[PDB]
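What's in protein-v8.cif: mmCIF, C-alpha atoms and all ligand atoms
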```cif
data_my_file
#
loop_
_atom_site.label_atom_id
_atom_site.label_comp_id
_atom_site.auth_asym_id
_atom_site.auth_seq_id
_atom_site.Cartn_x
_atom_site.Cartn_y
_atom_site.Cartn_z
CA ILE A 1 1.98 -13.72 8.88
CA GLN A 2 5.25 -13.11 7.03
CA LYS A 3 5.43 -11.45 3.61
CA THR A 4 8.17 -11.96 1.01
CA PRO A 5 10.05 -8.78 -0.03
CA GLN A 6 9.83 -7.77 -3.69
CA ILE A 7 13.02 -6.28 -5.13
CA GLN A 8 13.35 -3.76 -7.97
CA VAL A 9 16.63 -2.36 -9.29
CA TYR A 10 16.77 0.72 -11.53
CA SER A 11 18.96 3.72 -12.38
CA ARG A 12 18.09 7.40 -11.94
CA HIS A 13 19.56 8.56 -15.25
CA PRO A 14 20.09 6.93 -18.67
CA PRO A 15 22.95 4.42 -18.18
CA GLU A 16 26.12 5.48 -19.99
CA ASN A 17 29.53 3.85 -19.57
CA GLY A 18 32.08 6.05 -17.81
CA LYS A 19 29.34 8.45 -16.72
CA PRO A 20 28.37 8.80 -13.02
CA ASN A 21 24.82 7.66 -12.24
CA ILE A 22 22.53 6.68 -9.37
CA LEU A 23 21.46 3.12 -8.59
CA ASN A 24 18.20 2.43 -6.82
CA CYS A 25 16.97 -0.55 -4.98
CA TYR A 26 13.27 -0.56 -4.09
CA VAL A 27 12.16 -3.23 -1.61
CA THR A 28 8.42 -3.69 -1.01
CA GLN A 29 5.70 -5.99 0.33
CA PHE A 30 7.68 -7.32 3.30
CA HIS A 31 6.78 -8.05 6.93
CA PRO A 32 8.14 -7.94 9.66
CA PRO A 33 9.92 -4.59 9.02
CA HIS A 34 13.22 -6.08 10.20
CA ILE A 35 15.30 -6.44 7.04
CA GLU A 36 18.88 -6.27 5.76
CA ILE A 37 19.68 -4.63 2.43
CA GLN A 38 23.00 -4.53 0.58
CA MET A 39 23.97 -3.13 -2.82
CA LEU A 40 26.81 -4.96 -4.56
CA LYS A 41 29.47 -3.95 -7.07
CA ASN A 42 31.17 -6.98 -8.65
CA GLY A 43 29.94 -9.01 -5.68
CA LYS A 44 31.42 -6.76 -2.99
CA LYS A 45 29.28 -4.68 -0.63
CA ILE A 46 29.17 -0.98 -1.53
CA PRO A 47 30.07 1.05 1.60
CA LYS A 48 28.47 4.35 0.53
CA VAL A 49 24.78 3.44 0.74
CA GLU A 50 21.99 5.70 1.99
CA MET A 51 18.50 4.47 2.83
CA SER A 52 15.28 6.42 3.28
CA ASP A 53 13.13 6.03 6.39
CA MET A 54 11.12 2.81 6.32
CA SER A 55 7.43 3.42 5.61
CA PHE A 56 4.29 1.40 4.85
CA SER A 57 1.58 1.47 2.19
CA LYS A 58 -2.17 1.52 2.66
CA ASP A 59 -2.09 -2.20 3.20
CA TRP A 60 0.17 -2.54 6.18
CA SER A 61 3.14 -3.89 4.17
CA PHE A 62 6.49 -2.06 4.42
CA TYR A 63 8.69 -0.42 1.79
CA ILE A 64 12.11 1.25 1.74
CA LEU A 65 14.37 2.89 -0.86
CA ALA A 66 18.13 2.28 -1.13
CA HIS A 67 20.38 4.21 -3.42
CA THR A 68 24.06 4.81 -4.15
CA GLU A 69 26.35 6.60 -6.60
CA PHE A 70 27.76 4.30 -9.27
CA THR A 71 29.62 4.58 -12.57
CA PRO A 72 28.50 1.73 -14.87
CA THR A 73 31.03 0.10 -17.19
CA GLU A 74 31.11 -2.85 -19.60
CA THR A 75 32.68 -5.30 -17.16
CA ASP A 76 31.20 -4.14 -13.84
CA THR A 77 28.04 -5.72 -12.44
CA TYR A 78 25.62 -4.29 -9.89
CA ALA A 79 23.07 -6.05 -7.68
CA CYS A 80 20.90 -5.61 -4.60
CA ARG A 81 20.86 -8.35 -1.96
CA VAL A 82 18.12 -8.69 0.66
CA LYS A 83 18.01 -10.78 3.84
CA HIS A 84 14.57 -11.26 5.40
CA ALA A 85 13.00 -13.71 7.85
CA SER A 86 10.41 -14.78 5.27
CA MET A 87 13.17 -16.45 3.25
CA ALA A 88 15.75 -19.09 4.20
CA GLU A 89 18.32 -17.80 1.70
CA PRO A 90 19.25 -14.21 0.77
CA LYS A 91 17.58 -12.95 -2.41
CA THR A 92 19.79 -11.27 -5.01
CA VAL A 93 18.52 -9.17 -7.92
CA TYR A 94 20.97 -7.92 -10.55
CA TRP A 95 20.79 -4.60 -12.40
CA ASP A 96 19.70 -5.31 -15.97
CA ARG A 97 21.22 -2.96 -18.53
CA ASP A 98 22.11 -3.27 -22.22
CA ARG B 6 -5.34 17.90 -5.93
CA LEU B 7 -5.54 16.42 -2.43
CA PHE B 8 -2.66 16.55 0.05
CA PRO B 9 -3.52 14.44 3.12
CA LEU B 10 -1.19 14.33 6.13
CA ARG B 11 -0.17 10.79 7.03
CA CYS B 12 1.58 10.32 10.38
CA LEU B 13 3.18 6.87 10.41
CA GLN B 14 4.56 4.95 13.39
CA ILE B 15 6.53 1.70 13.31
CA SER B 16 6.93 0.07 16.73
CA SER B 17 8.58 -3.35 17.01
CA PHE B 18 9.10 -5.59 20.05
CA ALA B 19 11.49 -8.53 19.67
CA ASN B 20 11.65 -9.44 23.35
CA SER B 21 10.95 -7.90 26.76
CA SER B 22 14.34 -6.20 26.48
CA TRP B 23 14.47 -4.95 22.88
CA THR B 24 12.16 -2.38 21.27
CA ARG B 25 12.27 0.31 18.58
CA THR B 26 9.95 3.14 17.56
CA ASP B 27 10.45 5.07 14.33
CA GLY B 28 8.10 7.61 12.79
CA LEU B 29 7.57 9.87 9.79
CA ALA B 30 5.01 12.18 8.17
CA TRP B 31 3.78 12.41 4.58
CA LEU B 32 2.12 15.44 3.02
CA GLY B 33 0.82 14.03 -0.25
CA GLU B 34 3.89 12.26 -1.60
CA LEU B 35 6.57 14.37 0.08
CA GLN B 36 8.04 13.25 3.40
CA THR B 37 7.91 16.23 5.75
CA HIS B 38 9.14 14.83 9.07
CA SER B 39 11.50 12.12 10.32
CA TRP B 40 11.23 10.68 13.83
CA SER B 41 14.21 8.44 14.57
CA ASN B 42 14.14 6.18 17.64
CA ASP B 43 17.65 7.31 18.59
CA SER B 44 16.59 10.96 18.77
CA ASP B 45 14.56 12.82 21.40
CA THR B 46 13.51 15.26 18.68
CA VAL B 47 11.20 14.96 15.68
CA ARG B 48 13.38 16.13 12.80
CA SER B 49 12.07 18.47 10.10
CA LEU B 50 13.07 17.64 6.53
CA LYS B 51 11.94 20.85 4.83
CA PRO B 52 12.13 24.62 5.52
CA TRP B 53 8.32 24.72 5.71
CA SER B 54 7.82 21.64 7.89
CA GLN B 55 6.60 23.78 10.80
CA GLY B 56 4.05 25.59 8.64
CA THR B 57 2.16 28.42 10.33
CA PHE B 58 2.98 26.98 13.77
CA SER B 59 5.43 29.11 15.74
CA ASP B 60 8.43 27.54 17.48
CA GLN B 61 6.52 27.60 20.77
CA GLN B 62 3.48 25.83 19.33
CA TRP B 63 5.86 23.28 17.83
CA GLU B 64 7.74 22.46 21.05
CA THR B 65 4.40 21.77 22.74
CA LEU B 66 3.71 18.98 20.24
CA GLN B 67 7.37 18.00 20.54
CA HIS B 68 7.13 17.16 24.24
CA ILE B 69 3.76 15.45 23.76
CA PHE B 70 5.25 13.07 21.20
CA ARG B 71 8.27 12.44 23.43
CA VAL B 72 5.98 11.44 26.30
CA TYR B 73 3.75 9.41 23.98
CA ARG B 74 6.64 7.29 22.70
CA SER B 75 7.80 6.28 26.18
CA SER B 76 4.22 5.73 27.32
CA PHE B 77 3.24 3.77 24.21
CA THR B 78 6.16 1.39 24.76
CA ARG B 79 5.21 0.88 28.40
CA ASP B 80 1.52 0.21 27.68
CA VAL B 81 2.25 -2.37 24.98
CA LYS B 82 4.53 -4.34 27.30
CA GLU B 83 1.78 -4.10 29.91
CA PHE B 84 -0.83 -5.28 27.40
CA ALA B 85 1.47 -8.16 26.47
CA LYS B 86 1.64 -9.48 30.04
CA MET B 87 -2.05 -8.76 30.57
CA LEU B 88 -3.61 -10.24 27.43
CA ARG B 89 -1.10 -13.12 27.48
CA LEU B 90 0.27 -12.21 24.05
CA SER B 91 3.59 -13.70 22.93
CA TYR B 92 6.56 -11.78 21.59
CA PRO B 93 7.55 -10.74 18.98
CA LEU B 94 5.14 -7.82 18.68
CA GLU B 95 4.65 -5.62 15.62
CA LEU B 96 2.58 -2.44 15.88
CA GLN B 97 1.92 0.19 13.24
CA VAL B 98 0.03 3.47 13.66
CA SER B 99 -1.53 5.56 10.89
CA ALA B 100 -2.90 8.95 11.94
CA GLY B 101 -3.49 12.43 10.52
CA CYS B 102 -6.05 14.43 8.57
CA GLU B 103 -6.82 16.27 5.33
CA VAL B 104 -8.06 19.86 5.08
CA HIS B 105 -10.76 20.71 2.53
CA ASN B 111 -11.84 14.47 8.27
CA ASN B 112 -9.28 12.80 10.54
CA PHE B 113 -8.22 9.25 11.35
CA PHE B 114 -6.32 7.04 13.77
CA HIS B 115 -5.58 3.44 12.78
CA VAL B 116 -3.40 0.93 14.60
CA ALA B 117 -2.37 -2.51 13.37
CA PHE B 118 -1.12 -5.62 15.14
CA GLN B 119 1.07 -8.02 13.15
CA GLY B 120 0.12 -6.37 9.86
CA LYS B 121 -3.61 -6.57 10.57
CA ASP B 122 -6.10 -3.93 11.71
CA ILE B 123 -7.25 -4.33 15.31
CA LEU B 124 -8.76 -1.00 16.38
CA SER B 125 -9.21 2.68 15.50
CA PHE B 126 -10.17 5.93 17.23
CA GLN B 127 -13.78 6.80 16.42
CA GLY B 128 -15.31 10.04 17.68
CA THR B 129 -14.29 10.20 21.34
CA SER B 130 -13.29 6.60 22.05
CA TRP B 131 -11.40 3.57 20.72
CA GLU B 132 -13.35 0.99 18.72
CA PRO B 133 -12.26 -2.45 17.48
CA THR B 134 -12.24 -3.15 13.74
CA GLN B 135 -14.93 -5.23 12.04
CA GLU B 136 -12.43 -8.07 11.77
CA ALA B 137 -10.74 -8.23 15.17
CA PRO B 138 -9.85 -10.95 17.72
CA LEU B 139 -11.75 -11.30 21.00
CA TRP B 140 -8.90 -10.09 23.22
CA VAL B 141 -9.03 -6.73 21.44
CA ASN B 142 -12.31 -5.93 23.21
CA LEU B 143 -10.58 -6.37 26.57
CA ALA B 144 -7.85 -3.94 25.52
CA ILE B 145 -10.44 -1.41 24.34
CA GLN B 146 -12.05 -1.51 27.79
CA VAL B 147 -8.75 -0.50 29.39
CA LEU B 148 -7.90 2.13 26.77
CA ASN B 149 -11.33 3.73 27.16
CA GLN B 150 -10.82 4.17 30.91
CA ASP B 151 -7.94 6.53 30.11
CA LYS B 152 -9.94 9.77 29.95
CA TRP B 153 -6.93 12.05 29.48
CA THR B 154 -5.56 10.18 26.46
CA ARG B 155 -8.99 10.08 24.81
CA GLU B 156 -9.22 13.86 25.27
CA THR B 157 -5.69 14.51 24.01
CA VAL B 158 -6.11 12.39 20.87
CA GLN B 159 -9.45 14.08 20.19
CA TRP B 160 -7.70 17.43 20.68
CA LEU B 161 -4.84 16.55 18.33
CA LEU B 162 -6.96 15.13 15.50
CA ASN B 163 -9.71 17.77 15.50
CA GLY B 164 -7.87 20.76 16.92
CA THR B 165 -4.13 20.62 16.29
CA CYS B 166 -3.98 18.62 13.05
CA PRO B 167 -6.42 20.60 10.85
CA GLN B 168 -4.67 23.87 11.72
CA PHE B 169 -1.27 22.27 11.13
CA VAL B 170 -2.07 20.86 7.68
CA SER B 171 -3.55 24.22 6.68
CA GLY B 172 -0.24 25.74 7.75
CA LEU B 173 1.72 23.22 5.69
CA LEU B 174 -0.23 23.60 2.44
CA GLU B 175 0.23 27.38 2.42
CA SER B 176 3.84 27.50 3.61
CA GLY B 177 4.91 24.86 1.09
CA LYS B 178 2.67 25.49 -1.91
CA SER B 179 5.73 26.20 -4.06
CA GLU B 180 7.29 22.76 -3.59
CA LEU B 181 4.04 20.77 -3.52
CA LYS B 182 2.93 22.19 -6.88
CA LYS B 183 6.40 21.82 -8.43
CA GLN B 184 6.84 20.32 -11.89
CA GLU B 185 9.80 18.13 -12.87
CA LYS B 186 10.45 17.04 -16.46
CA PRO B 187 10.90 13.31 -17.22
CA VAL B 188 13.81 11.81 -19.14
CA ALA B 189 13.32 8.68 -21.24
CA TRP B 190 15.55 5.99 -22.76
CA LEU B 191 15.19 2.58 -24.40
CA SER B 192 16.56 -0.91 -23.76
CA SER B 193 15.82 -4.54 -24.66
CA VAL B 194 16.11 -7.73 -22.61
CA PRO B 195 15.56 -11.18 -24.19
CA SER B 196 12.02 -12.55 -23.89
CA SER B 197 11.01 -15.89 -22.37
CA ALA B 198 9.76 -17.11 -25.75
CA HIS B 199 12.08 -17.79 -28.69
CA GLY B 200 11.91 -15.33 -31.57
CA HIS B 201 10.61 -12.65 -29.21
CA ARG B 202 12.23 -9.64 -27.56
CA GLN B 203 11.06 -7.33 -24.77
CA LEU B 204 11.49 -3.62 -25.45
CA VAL B 205 11.67 -1.40 -22.36
CA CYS B 206 10.84 2.31 -22.25
CA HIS B 207 12.21 3.88 -19.07
CA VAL B 208 10.73 7.15 -17.79
CA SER B 209 12.46 8.83 -14.86
CA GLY B 210 12.60 12.14 -13.01
CA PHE B 211 9.00 13.26 -13.47
CA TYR B 212 6.75 15.02 -10.96
CA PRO B 213 3.93 15.02 -10.08
CA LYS B 214 2.92 11.35 -10.22
CA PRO B 215 0.50 11.33 -13.21
CA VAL B 216 2.24 10.41 -16.48
CA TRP B 217 1.39 8.74 -19.80
CA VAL B 218 3.59 6.12 -21.48
CA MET B 219 2.61 3.99 -24.48
CA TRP B 220 4.39 2.07 -27.24
CA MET B 221 3.32 3.19 -30.70
CA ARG B 222 3.20 2.15 -34.32
CA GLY B 223 2.28 5.15 -36.44
CA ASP B 224 -0.75 6.54 -34.66
CA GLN B 225 -1.79 3.09 -33.41
CA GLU B 226 -1.37 2.46 -29.68
CA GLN B 227 0.00 -0.99 -28.89
CA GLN B 228 -2.34 -2.67 -26.41
CA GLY B 229 0.41 -5.17 -25.59
CA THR B 230 2.11 -2.41 -23.62
CA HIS B 231 2.58 -3.25 -19.94
CA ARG B 232 2.77 -0.29 -17.55
CA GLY B 233 4.93 -0.84 -14.47
CA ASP B 234 4.64 0.55 -10.95
CA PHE B 235 5.64 4.06 -9.90
CA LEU B 236 9.08 3.63 -8.35
CA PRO B 237 10.56 6.46 -6.23
CA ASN B 238 13.88 8.23 -6.74
CA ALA B 239 16.13 9.73 -4.06
CA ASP B 240 15.45 13.27 -5.30
CA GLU B 241 11.70 12.98 -4.69
CA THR B 242 10.96 12.21 -8.34
CA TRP B 243 9.28 9.18 -9.91
CA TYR B 244 10.49 6.32 -12.12
CA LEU B 245 8.37 4.21 -14.47
CA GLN B 246 8.94 1.72 -17.29
CA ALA B 247 6.63 0.37 -19.99
CA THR B 248 7.50 -2.93 -21.66
CA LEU B 249 6.43 -4.58 -24.92
CA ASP B 250 7.14 -8.09 -26.20
CA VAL B 251 7.91 -8.00 -29.93
CA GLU B 252 8.87 -10.57 -32.56
CA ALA B 253 12.32 -10.52 -34.15
CA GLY B 254 12.05 -8.54 -37.38
CA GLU B 255 8.96 -6.61 -36.30
CA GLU B 256 10.87 -4.11 -34.18
CA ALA B 257 11.06 -1.47 -36.91
CA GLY B 258 8.57 1.39 -36.75
CA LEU B 259 8.14 1.07 -32.99
CA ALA B 260 8.24 4.22 -30.87
CA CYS B 261 7.72 5.08 -27.21
CA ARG B 262 5.64 8.20 -26.60
CA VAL B 263 5.74 9.99 -23.25
CA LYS B 264 3.32 12.70 -22.12
CA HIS B 265 3.64 14.72 -18.91
CA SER B 266 2.21 17.96 -17.50
CA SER B 267 5.67 19.50 -17.10
CA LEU B 268 6.35 19.29 -20.84
CA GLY B 269 3.55 21.71 -21.74
CA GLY B 270 1.97 19.73 -24.56
CA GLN B 271 5.30 18.55 -25.95
CA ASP B 272 5.54 14.79 -26.43
CA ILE B 273 8.72 12.78 -25.90
CA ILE B 274 9.19 10.40 -28.82
CA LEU B 275 11.78 7.61 -28.98
CA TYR B 276 11.87 5.41 -32.07
CA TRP B 277 13.50 2.00 -31.67
CA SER B 278 17.02 1.45 -33.03
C1 LIG C 1 0.22 16.65 13.01
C2 LIG C 1 1.23 17.14 14.03
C3 LIG C 1 2.51 16.32 13.98
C4 LIG C 1 3.20 16.44 12.63
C5 LIG C 1 4.61 15.88 12.70
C6 LIG C 1 4.62 14.39 13.00
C7 LIG C 1 6.05 13.91 13.20
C8 LIG C 1 6.28 12.54 12.57
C9 LIG C 1 5.85 11.46 13.52
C10 LIG C 1 4.91 10.58 13.15
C11 LIG C 1 4.47 9.50 14.10
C12 LIG C 1 3.00 9.69 14.43
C13 LIG C 1 2.41 8.42 15.04
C14 LIG C 1 1.90 8.65 16.46
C15 LIG C 1 0.59 9.44 16.45
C16 LIG C 1 0.79 10.83 17.03
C17 LIG C 1 0.55 10.84 18.53
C18 LIG C 1 -0.94 10.81 18.84
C19 LIG C 1 -1.22 10.26 20.23
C20 LIG C 1 -0.77 11.20 21.33
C21 LIG C 1 -1.16 10.65 22.69
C22 LIG C 1 -0.93 11.67 23.80
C23 LIG C 1 -1.46 11.14 25.13
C24 LIG C 1 -0.45 10.23 25.77
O1 LIG C 1 0.73 10.30 25.47
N1 LIG C 1 -0.92 9.35 26.65
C25 LIG C 1 -0.07 8.35 27.27
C26 LIG C 1 0.05 8.65 28.76
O2 LIG C 1 -1.24 8.54 29.34
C27 LIG C 1 -1.28 9.05 30.66
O3 LIG C 1 -0.40 8.30 31.49
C28 LIG C 1 -0.37 8.79 32.83
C29 LIG C 1 0.71 8.05 33.62
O4 LIG C 1 1.99 8.35 33.06
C30 LIG C 1 -1.75 8.60 33.46
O5 LIG C 1 -2.06 7.20 33.53
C31 LIG C 1 -2.81 9.32 32.65
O6 LIG C 1 -4.11 8.97 33.11
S1 LIG C 1 -4.60 9.39 34.50
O7 LIG C 1 -6.02 9.55 34.47
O8 LIG C 1 -4.26 8.37 35.46
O9 LIG C 1 -3.91 10.81 34.92
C32 LIG C 1 -2.71 8.93 31.18
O10 LIG C 1 -3.58 9.76 30.40
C33 LIG C 1 -0.70 6.99 27.04
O11 LIG C 1 0.07 5.97 27.68
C34 LIG C 1 -0.73 6.77 25.55
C35 LIG C 1 -1.58 5.91 24.99
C36 LIG C 1 -1.56 5.76 23.49
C37 LIG C 1 -2.28 4.48 23.09
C38 LIG C 1 -2.40 4.41 21.58
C39 LIG C 1 -2.43 2.96 21.13
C40 LIG C 1 -3.73 2.62 20.42
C41 LIG C 1 -4.12 1.18 20.70
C42 LIG C 1 -2.93 0.24 20.50
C43 LIG C 1 -2.84 -0.76 21.64
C44 LIG C 1 -1.85 -1.87 21.31
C45 LIG C 1 -1.88 -2.96 22.36
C46 LIG C 1 -1.49 -4.30 21.73
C47 LIG C 1 -0.47 -5.03 22.59
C48 LIG C 1 0.08 -6.23 21.85
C1 LIG C 2 15.07 3.23 20.84
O1 LIG C 2 14.89 4.38 21.67
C2 LIG C 2 14.45 4.07 23.00
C3 LIG C 2 14.21 5.38 23.70
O2 LIG C 2 14.97 5.48 24.90
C4 LIG C 2 15.49 3.20 23.70
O3 LIG C 2 15.00 2.83 24.99
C5 LIG C 2 15.77 1.95 22.88
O4 LIG C 2 16.83 1.20 23.47
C6 LIG C 2 16.15 2.32 21.45
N1 LIG C 2 16.35 1.13 20.64
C7 LIG C 2 17.56 0.68 20.30
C8 LIG C 2 17.58 -0.56 19.46
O5 LIG C 2 18.59 1.26 20.64
#
```

Hey, can you dump this file as structure tokens for me?
Ligand SMILES: CCCCCCCC/C=C/CCCCCCCCCCCCCC(=O)N[C@@H](CO[C@@H]1O[C@H](CO)[C@H](O)[C@H](OS(=O)(=O)O)[C@H]1O)[C@H](O)/C=C/CCCCCCCCCCCCC
Ligand SMILES: *[C@@H]1O[C@H](CO)[C@@H](O)[C@H](O)[C@H]1NC(C)=O
Amino acid sequence: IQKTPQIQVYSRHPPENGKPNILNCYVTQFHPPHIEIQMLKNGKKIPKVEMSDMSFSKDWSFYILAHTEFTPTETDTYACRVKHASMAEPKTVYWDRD
Amino acid sequence: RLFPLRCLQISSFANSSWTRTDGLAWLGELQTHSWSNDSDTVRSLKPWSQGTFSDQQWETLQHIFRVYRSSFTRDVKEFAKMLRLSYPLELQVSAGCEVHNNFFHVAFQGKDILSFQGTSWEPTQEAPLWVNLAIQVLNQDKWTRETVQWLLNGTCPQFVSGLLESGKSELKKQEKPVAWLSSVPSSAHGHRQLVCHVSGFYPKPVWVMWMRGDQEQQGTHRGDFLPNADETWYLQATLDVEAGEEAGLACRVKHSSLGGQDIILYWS
């Protein structure tokens, strides 16, 4: 059967405006392994995105890490969008900072 | 401190024309090898990925895997036409060993179907009837059953032993965590959710708990261990608190890399 991907967005370092940081997008619990992942700045697709090799847990569900360099500001927004066959519409999760 | 070697294979078949096979190897929590479908070579990710194995011992395994990948793809397409199984096909393979037992597990459509036990393939306890027909064909292949038995009991244990010694410096490494606080609005009115982020720590074990004085807050919710790109871990512990009862709250972090020195972060 198909499994819905869970999405988690988090930064590598303490978020500070004007300071370069790393944004992570961790997608888990999905099947089939065919999946499309995009990280967004202000709604636009970030070109410089690297992804680790896709792997699977003990239970045969897949997981994969996406990350990119980003400099957070007051007005900028960041999100990770995922397209999978288990969902009719793409799922978007925003980066929550304060 | 156990460091098992997990050899993972992800083979997908959309149609009779399209197919991919990607692989990788885990030693504990560190990825040691990367096997891209587009490459004829299993790529090493670390200076000690070969271990004790010489370059000549390594190329032997290199050609074996190259043959296996082409042969695996052929056999699955053959088993599809034979067992009357419809595309798409999803196969996953989990093999390897740990030096002090070995294992070979394959999965069809996210479910276990068979494993390699002793000297032959056996179907799983929960497995469809057509699996038994596939086992009968697989078990007729005497050369494959001897090669797998030779890799799991002969090649693998000597290889893992070579990895643990050649990479003991990186496997036993200690990275110090860095913590910070934040607060998102809670679902209930008059409540707020405090978040204590902990990132950059290694190895995996870590202790995070919200505190008042010396009293541990049992309302603390520990999250999952999320990976970073630099082979370090991320973790956050949340706590729902009422408005006006946020004062006196602190997040305490304990890790082996700190050497008995706690990380304390009082709120506001
Ligand atoms: C630890 C060292 C490595 C560390 C670094 C790892 C690098 C990272 C990579 C990770 C990926 C690891 C995942 C893969 C596991 C490792 C490989 C282990 C298996 C090696 C198998 C070697 C043997 C092999 O390739 N056999 C292949 C060639 O066999 C030979 O073919 C010949 C014709 O070309 C002849 O027929 C011959 O028989 S004869 O009698 O007629 O002469 C026969 O023995 C054979 O095709 C392979 C079979 C593998 C089957 C495994 C699948 C298990 C059951 C799954 C069935 C699914 C069917 C479902 C269909 C919907
Ligand atoms: C994956 O590699 C195999 C090996 O030749 C190749 O046949 C296949 O076309 C590759 N898959 C894709 C999608 O290019």

To check your reading of the model: which residues sit at most 8 Å from ligand LIG 2 (chain C) when counting only C-alpha atoms and all ligand atoms? Write the answer as a PyMOL selection string.
chain B and resi 23-26+42-45+74-75

Find the residues around residue 64 in chain A up to 12 Å (only C-alpha atoms counted), leave out those fewer than 5 positions away in its own chain, and share them as a PyMOL selection string.
(chain A and resi 5-8+24-31+33-37+50-57+82) or (chain B and resi 236-239)

Could the residues that lie within 7 Å of ligand LIG 1 (chain C), counting all atoms listed in the file, be listed as a JSON list (two decimals) with C-alpha atoms, in the coordinates of the input?
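Produced file selection-v8.json, reproduced below:
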```json
[["chain", "number", "residue", "atom", "x", "y", "z"],
["B", 12, "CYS", "CA", 1.58, 10.32, 10.38],
["B", 13, "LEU", "CA", 3.18, 6.87, 10.41],
["B", 14, "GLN", "CA", 4.56, 4.95, 13.39],
["B", 28, "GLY", "CA", 8.10, 7.61, 12.79],
["B", 29, "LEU", "CA", 7.57, 9.87, 9.79],
["B", 30, "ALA", "CA", 5.01, 12.18, 8.17],
["B", 38, "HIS", "CA", 9.14, 14.83, 9.07],
["B", 39, "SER", "CA", 11.50, 12.12, 10.32],
["B", 40, "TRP", "CA", 11.23, 10.68, 13.83],
["B", 47, "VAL", "CA", 11.20, 14.96, 15.68],
["B", 66, "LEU", "CA", 3.71, 18.98, 20.24],
["B", 69, "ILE", "CA", 3.76, 15.45, 23.76],
["B", 70, "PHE", "CA", 5.25, 13.07, 21.20],
["B", 72, "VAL", "CA", 5.98, 11.44, 26.30],
["B", 73, "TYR", "CA", 3.75, 9.41, 23.98],
["B", 76, "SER", "CA", 4.22, 5.73, 27.32],
["B", 77, "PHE", "CA", 3.24, 3.77, 24.21],
["B", 80, "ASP", "CA", 1.52, 0.21, 27.68],
["B", 81, "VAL", "CA", 2.25, -2.37, 24.98],
["B", 82, "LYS", "CA", 4.53, -4.34, 27.30],
["B", 84, "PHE", "CA", -0.83, -5.28, 27.40],
["B", 85, "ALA", "CA", 1.47, -8.16, 26.47],
["B", 90, "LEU", "CA", 0.27, -12.21, 24.05],
["B", 94, "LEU", "CA", 5.14, -7.82, 18.68],
["B", 98, "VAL", "CA", 0.03, 3.47, 13.66],
["B", 99, "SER", "CA", -1.53, 5.56, 10.89],
["B", 100, "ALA", "CA", -2.90, 8.95, 11.94],
["B", 101, "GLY", "CA", -3.49, 12.43, 10.52],
["B", 116, "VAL", "CA", -3.40, 0.93, 14.60],
["B", 118, "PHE", "CA", -1.12, -5.62, 15.14],
["B", 124, "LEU", "CA", -8.76, -1.00, 16.38],
["B", 144, "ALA", "CA", -7.85, -3.94, 25.52],
["B", 151, "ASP", "CA", -7.94, 6.53, 30.11],
["B", 152, "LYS", "CA", -9.94, 9.77, 29.95],
["B", 153, "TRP", "CA", -6.93, 12.05, 29.48],
["B", 154, "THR", "CA", -5.56, 10.18, 26.46],
["B", 157, "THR", "CA", -5.69, 14.51, 24.01],
["B", 158, "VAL", "CA", -6.11, 12.39, 20.87],
["B", 161, "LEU", "CA", -4.84, 16.55, 18.33],
["B", 165, "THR", "CA", -4.13, 20.62, 16.29],
["B", 166, "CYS", "CA", -3.98, 18.62, 13.05],
["B", 169, "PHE", "CA", -1.27, 22.27, 11.13]]
```

Write out as a count of residues only which residues come within 12 Å of residue 177 in chain B when counting all atoms listed in the file, dropping same-chain ones fewer than 4 positions away.
19

Counting all atoms listed in the file, which residue out of A:66, A:88, A:44, A:18 sits closest to chain B?
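Distance minimum relative to chain B lands on A:66.
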
So, with only C-alpha atoms as the atoms that count, which of B:65, B:278, B:129, B:209 lies closest to chain A?
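Of the candidates, the smallest distance to chain A is held by B:209.
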
The distance between CA of residue 96 in chain A and CA of residue 208 in chain B is 15.5 Å

Nearest to residue 104 in chain B by atom-to-atom distance, counting only C-alpha atoms, from B:86, B:140, B:9, B:197
B:9

Env of residue 126 in chain B: 10 Å cut, atoms = only C-alpha atoms, seq-sep filter 4 positions within chain, self excluded. Answer as a PDB file with C-alpha atoms, keeping the file's coordinate frame.
```pdb
ATOM      1  CA  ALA B 100      -2.900   8.950  11.940  1.00  0.00           C
ATOM      2  CA  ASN B 112      -9.280  12.800  10.540  1.00  0.00           C
ATOM      3  CA  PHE B 113      -8.220   9.250  11.350  1.00  0.00           C
ATOM      4  CA  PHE B 114      -6.320   7.040  13.770  1.00  0.00           C
ATOM      5  CA  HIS B 115      -5.580   3.440  12.780  1.00  0.00           C
ATOM      6  CA  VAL B 116      -3.400   0.930  14.600  1.00  0.00           C
ATOM      7  CA  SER B 130     -13.290   6.600  22.050  1.00  0.00           C
ATOM      8  CA  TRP B 131     -11.400   3.570  20.720  1.00  0.00           C
ATOM      9  CA  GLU B 132     -13.350   0.990  18.720  1.00  0.00           C
ATOM     10  CA  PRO B 133     -12.260  -2.450  17.480  1.00  0.00           C
ATOM     11  CA  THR B 134     -12.240  -3.150  13.740  1.00  0.00           C
ATOM     12  CA  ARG B 155      -8.990  10.080  24.810  1.00  0.00           C
ATOM     13  CA  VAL B 158      -6.110  12.390  20.870  1.00  0.00           C
ATOM     14  CA  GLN B 159      -9.450  14.080  20.190  1.00  0.00           C
ATOM     15  CA  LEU B 162      -6.960  15.130  15.500  1.00  0.00           C
TER      16      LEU B 162
END
```

For residue 135 in chain B, which residue among B:121, B:199, B:214, B:222 is the nearest when counting only C-alpha atoms?
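Of the candidates, the smallest distance to residue 135 in chain B is held by B:121.
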